[PDB]
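What follows is a set of notes on a single structure, which appears directly below.
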Amino acid sequence: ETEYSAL
Amino acid sequence: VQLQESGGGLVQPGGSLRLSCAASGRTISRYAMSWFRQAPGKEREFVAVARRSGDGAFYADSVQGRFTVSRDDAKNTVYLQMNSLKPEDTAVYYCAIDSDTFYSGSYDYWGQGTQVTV
Amino acid sequence: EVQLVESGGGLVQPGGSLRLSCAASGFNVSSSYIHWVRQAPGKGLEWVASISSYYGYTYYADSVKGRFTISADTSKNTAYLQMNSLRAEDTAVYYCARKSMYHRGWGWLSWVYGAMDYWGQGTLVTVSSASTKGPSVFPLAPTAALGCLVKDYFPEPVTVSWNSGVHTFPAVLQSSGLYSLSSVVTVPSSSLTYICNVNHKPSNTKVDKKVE
Amino acid sequence: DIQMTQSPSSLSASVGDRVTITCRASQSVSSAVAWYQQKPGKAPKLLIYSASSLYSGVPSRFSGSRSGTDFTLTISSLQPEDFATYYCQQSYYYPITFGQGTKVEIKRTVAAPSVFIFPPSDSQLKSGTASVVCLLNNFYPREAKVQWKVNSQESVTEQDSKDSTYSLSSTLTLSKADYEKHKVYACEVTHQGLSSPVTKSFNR
Amino acid sequence: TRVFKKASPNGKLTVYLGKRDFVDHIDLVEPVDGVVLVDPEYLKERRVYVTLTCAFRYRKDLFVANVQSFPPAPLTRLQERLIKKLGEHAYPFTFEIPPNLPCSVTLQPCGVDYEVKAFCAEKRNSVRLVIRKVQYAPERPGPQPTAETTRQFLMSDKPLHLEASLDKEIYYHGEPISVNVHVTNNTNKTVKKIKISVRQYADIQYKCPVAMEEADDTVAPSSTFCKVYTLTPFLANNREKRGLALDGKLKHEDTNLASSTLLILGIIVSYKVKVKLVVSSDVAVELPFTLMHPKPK
């Protein structure tokens, strides 16, 4: 599934 | 439950001191113990109180700006730091315990008190 | 700018019915979620219900599931909460709020249910099988404190005045159903006339009592 | 449902105090937590949304933080207008659930309630109901207890303005048949600023 | 700010993309840019290919573009920052979709959809992320839709002047449409009923009535009539209609009614308002309008 992070 | 006070002794005018109060048989986190001053002329005057955990340390108008309270639930003991004393501060300081967990003010156990003379 | 206007608040006997209307301006009721919230006297906020017109979604809390219904009219750009089988516990102040479905970047965020950013003004709803009454004023005679007990009036509000230290206390809904409060004042005992004036518009009743 | 436990249930602070309030979801909310401020009587104002995102117009002192299910609302330096009830709300599942409010009060020296007692009047006795009224005047903090010695309804006036002190009126109501059976009535007030309870009494 | 990421089953290939809604501007299209992170040890094919496909499911493919992420044969402002944050083992890829390609659309139970895939070719070495092609609404309105007719019968010797018009051509989703209708019956037959509808034309053809409004208004012989109606087409009452042209959705989220196709393969969608007079032999008239989404600002 479309995971998630930051920038 | 048997509270015991410690400290006191002669301190010269304008000095400082630190009294302690240690409880036995019960915790201090869920209670809110208070420090009272009994002097010749007006007995059992309010000095300060410290409630459960870090949610309030209230001082009377007489000891505002020159007293401090500090609880410690690890050793089940609390400290009253007295600073900038004056000659009209001389009395027996007692340590009461609030049996109610809602700031009610039902002091039950007191101990014996400690005489601070200035 | 966006605005919401609530209407339809007033007394109603238990087991009765009301219909709150929330009129929306500056936006479309179809591009948003509309929420009904309520706060009881001396309590905290509580969410009542929510509607989405475009997708046709309706949700209600467990305390208003069946006694309340929510619908929308896009021709008039308005939402309606039909409150049936009202009870005393429902006595509260009701608010209307909205959550824009925009701001995704392109279109509708159909699952955020996000924060309610615009609120109305709040309309009071009362529920009680009790008729109007006029206040009954009693004295309270003796720094000395003296006051007047304004008891057994209905409905709110009741105004109390004297002729510094005056403390008019919040009204308390007595178990009977009426309202009772007390207004006290502290004055030096050296000079111990004081008249308590009670006004009650909902019954057009004015009383003047003397304490001394 | 999801239970949002909030703490403290109420706190007292001065001007400039770095207040902090905590909300905690009973389940894994995902940064869908909003913080509102309601002043007495008026409507809630959105302050924080998405558990970290400030809302337009809200001052910069208000800040939101997330450390898991533990959401935090912080005020860098409390100001007179930051004295209201602050709520947390989870807008992730349904039904939306709020917290329990946190009345940010004012802080002052501890004071003791001055206690007065009022017995029923003759006019009130003719009707058929007796009401004894015990008045606690000018006592900070809010917490105080009143006991009736021979069915009560206390009403605390919101924090005062010059002083920041609560008043209270505990009224005991009886039928005249049961009022005149006994002779001595009294109210005992115990307040954390009082070494021993203060009793005010009258004879029927 | 945010970067959607999807790790490959082996965890070596992790696709990162700034956004997932690439708006089909009328003249050009947004560039589909991203970066693929690779582990040189796991890289046994020594070649990783990234493709941007546009399928027409029901399979047919309309645009396939291959760019070799590694080995190297520019970088967008986001790609450089993403690479710097993710180290030096990540390589960027970019596609520039050409105009005249369709926009994402589905059929409510299909349609045109897009996808970005990456695989190491010299299941685990294959990561696919779904994207969407979509378009905003025209920034300026067109001429007002006005449509008038005159239907006559042998029995009558005077015209039955029917006319209809809308207030504008650009109607966002969830917006009521006002249909000004006018009639002038100098004939002898009775104008029984009036109908107004908003209907969809989606040519891959079918015509589903999204909005309807039926009035029993009657205009007696030798009399006029003027009335403003109002219709709001939304999806609340259009969930039992199979084959309805819905906007494209990422995974399963509920979406709004398909937008207009500003202008080609794929499915072309447009919307028309119809005014009909059922007479005691029914007259009809139609106008076009544009149903789309606004542009954030």
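First residue shown is number 1, and so on along the chain.
Looking at the header, which is where the method is noted, we find electron microscopy, 3.0 Å.
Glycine is no exception: its Cβ is also placed from the backbone N, Cα and C atoms.
The phosphotyrosine annotation in Swiss-Prot covers E:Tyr42 and rests on similarity to another entry. Every protein chain considered, the tally of other Cβ atoms within 10 Å of the Cβ of E:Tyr42 (phosphotyrosine) stands at 15.
Residues annotated as 1D-myo-inositol hexakisphosphate binding site in Swiss-Prot: E:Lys207, E:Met212, E:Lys274, E:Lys276. When secondary structure is read from DSSP and collapsed to three states, E:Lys274 (1D-myo-inositol hexakisphosphate binding site) falls in the strand class.
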C-alpha separation across unresolved stretch of 7 residues from E:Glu122 through E:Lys123, Å: 15
1D-myo-inositol hexakisphosphate site shell beyond E:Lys207, E:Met212, E:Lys274, E:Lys276, criterion: Cβ within 8 Å of Cβ centroid: E:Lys195, E:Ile196, E:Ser197, E:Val198, E:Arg199, E:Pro209
Distance from E:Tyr42 (phosphotyrosine) back to E:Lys276 (1D-myo-inositol hexakisphosphate binding site), taken between C-alpha atoms, in Å: 68
Most Cβ neighbours inside 10 Å, all chains, among the binding-site residues E:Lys207, E:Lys274: E:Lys274
Length in angstrom of the chain break flanked by E:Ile204 and E:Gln205 (6 residues not modelled, CA to CA): 6
Cα-Cα distance linking E:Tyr42 (phosphotyrosine) and E:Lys207 (1D-myo-inositol hexakisphosphate binding site), given in Å to the nearest integer: 53
Cβ atoms near E:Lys276 (1D-myo-inositol hexakisphosphate binding site) (within 10 Å, other residues, all chains): 19
E:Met212 (1D-myo-inositol hexakisphosphate binding site): secondary structure state under DSSP, collapsed to three categories: strand
End-to-end CA distance across 10 missing residues (from E:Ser280 to E:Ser281, Å): 7
Å between C-alpha atoms of E:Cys110 and E:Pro109, the residues bounding 8 unmodelled positions: 9
